[PDB]
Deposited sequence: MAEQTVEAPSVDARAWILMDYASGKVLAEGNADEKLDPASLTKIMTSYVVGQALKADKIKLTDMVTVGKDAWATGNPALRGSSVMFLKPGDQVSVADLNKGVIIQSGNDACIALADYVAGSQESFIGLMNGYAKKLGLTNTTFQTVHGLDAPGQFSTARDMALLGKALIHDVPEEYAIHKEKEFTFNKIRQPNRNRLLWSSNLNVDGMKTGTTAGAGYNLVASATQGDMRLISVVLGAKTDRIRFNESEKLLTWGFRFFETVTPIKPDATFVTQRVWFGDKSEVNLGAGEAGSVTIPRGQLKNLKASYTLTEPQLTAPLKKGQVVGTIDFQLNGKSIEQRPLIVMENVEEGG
């Protein structure tokens, strides 16, 4: 134990990026409006399109009537880049508008360009939500503006944030930019923690609901460690940033992340029956990191249950065949086959 800090907000979570370990939490599964935090997913999808080379940063996109308050009353009063039908705008520019400025028109213009329409793009958003395990998340819009059945949770927001960092790091990289210039005007990042002197914060997104309050998904680094915090429904802007600071600060001060089983390390070797190899290497894959109170490494040692007491071919790389459990004078992860073994012939 380390006593968890008190947090003045509707819901929050603090999570280690490498281990996935939840260090502190309150109401972390309560369905709440994500508002502009929705744009983390928007960026995830745009990120995937860029990484797959289905779109390029230099591609010019033609802005439709849907991307303009005049032509889409839903945009009235919201953050926008001020795009007009027929404008030609860089993917790179519209991408910065989504990420740095949270421009709701940039969201629409890029959704159409990527997926041909908003509804198709929202389909990709929910598809990835299901893929990434966001069991309590449903997106109904590409920008996060108020819609009937649209919700997420602190926990799901931290999972999504971890995915953005891990899966599309070039897109994550843009979220630390303090400004960008469009139409000769500089546009500020409203993530005030990018300016903190007390932390090295590099993301991710701010949001304000209809009337629950002020939301932040933040990520920071210290030495080799990275934490993600989510604070949902704080009463003020100040508290939103301050409680987020307090969590990240506490996690780095008292905990450390260690990796006793590296990816590609063998943890145990096991006999395999009836295969083209007589034994198979079993490991943790990428999930061998654990978050522990500082100084406790000495006192930590690892274990597993073999499920099926008896391994029989065929075995497939990554196939999970049991369970690693971590022990402090604590955490559990699949024990996985690290190489394929076909049936003998």
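Taking the first deposited residue as 1, the stretches without any C-alpha atom are 1-4, 334-336.
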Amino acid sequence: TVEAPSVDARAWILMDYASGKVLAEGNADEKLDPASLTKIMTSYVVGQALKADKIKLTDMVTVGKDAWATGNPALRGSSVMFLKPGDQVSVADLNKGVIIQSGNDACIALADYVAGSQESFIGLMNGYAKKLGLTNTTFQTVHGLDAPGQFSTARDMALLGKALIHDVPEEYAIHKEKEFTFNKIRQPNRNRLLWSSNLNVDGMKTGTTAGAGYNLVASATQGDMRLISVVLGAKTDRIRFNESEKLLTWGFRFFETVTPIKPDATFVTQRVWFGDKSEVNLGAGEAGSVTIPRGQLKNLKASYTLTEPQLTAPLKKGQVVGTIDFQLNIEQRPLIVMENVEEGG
From here on, numbers count along this sequence of modelled residues.
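Stretch comparison (304-312 versus 288-296) by mean CA B-factor in the PDB entry places 304-312 on top. For the pair 72-80 and 246-254, the record assigns the higher mean C-alpha temperature factor to 72-80. You'll see in the entry that, of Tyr214, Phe180, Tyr113, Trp195, the Cα B factor peaks at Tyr214. Taking the PDB entry at face value, the top CA B factor among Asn95, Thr269, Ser152, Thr141 belongs to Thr269. In the deposited entry, the Cα temperature factor of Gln88 sits in the middle third of values across the chain's modelled residues. Ranked by Cα temperature factor within the chain, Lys31 sits in the highest third according to the deposited record. Ranked by Cα temperature factor within the chain, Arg190 sits in the middle third according to the deposited record. The deposited CA B-factor of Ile324 belongs to the highest third of values across its chain.
Among all modelled residues in this chain, the alpha-carbon of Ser219 has a temperature factor (C-alpha) in the lowest third.
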